[PDB]
């Protein structure tokens, strides 16, 4: 692959001092871009995911607009449940659905052996290799997957939920089957994530988007062990294959309660939602790990001037070291690309002022 030119994001991830704070945005390839909608209009979502050229194009679009310090491959977290043998649809304005969710223990029998999942996800690897070549070293490319608990929620609920009542009913009433499912997911995720690195990914983010529905007791029992196992095993396999392990990011949305434990889970970077005050997060995680985040995505509805001031304040609270700027969650479809631009420029401008 082409040599990396701007490695600021990786240096920050590993905890090195940098000349400025690197920034990227969750869902930077997203509907808020008119060009994203145009490219997507051609296929259904999961078909787009299976076209390496379409994924590469969608990955590159935000970088043509903004000097983001990382690209993230266009894909979905739900490709893993799909590769395990569940049927998923992207519903006309209602989002992802599994019309046949897992509801009893016997339903686990219809899943693939997790050791075959990576082969089913070759298309993601193809997209990654293509995008890495086309980026030509501009910035690092981030690969990603959903975390075991969050993937379980989709598989059991059959889509989004305000309570996760069915998935939590599994944890309390079916603890053994729940552990079985979470282990299947873990065993699928590890080879998938390794394959993403083999294909060219230079960092990995694990999205535990549904962390917040669990308290600490359930999180520690059912989410945390598998978060830890993913990191441990991915790093092991990469080292054994003669490759360099990449920085890994754990993002537990609404996971305020788990920050101390997440800081000791084998990830270089802990990503934060906007509800956690940066200084409190720093106290929780300590001084080695890098923090990522955490601007309220809705802050981008504010004026460009206001966005710059909110960014200044955020950067003051995080301080210059061990920090990668991002939003607290992904961009929303009605946001103005110029305000995303304002966010990026502000992190760059203020982080430099903050150093000298």
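Numbering follows the first chain given and starts at 1.
- If you average the C-alpha B-factors over 39-47 and over 25-33, the higher value belongs to 39-47.
- The PDB entry reports B-factors from which the mean C-alpha value can be compared for 241-249 and 147-155; the larger average falls on 241-249.
- The maximum CA B-factor among the listed residues 271, 191, 81, 160, taken from the PDB record, is found at 160.
- Note on 296, 69, 57, 306: the highest value goes to 306, judged by CA B factor as recorded.
- Annotation for residue 326: C-alpha temperature factor in the lowest third relative to the rest of the modelled chain, per the entry.
- For residue 202, the recorded CA B-factor ranks within the lowest third of the chain. Only modelled residues enter the ranking.
- Among all modelled residues in this chain, the alpha-carbon of residue 214 has a temperature factor (C-alpha) in the lowest third.
- Split the chain's modelled residues into thirds by C-alpha temperature factor. Residue 87 is in the middle one.
- Among all modelled residues in its chain, residue 220 ranks in the middle third by Cα B-factor.
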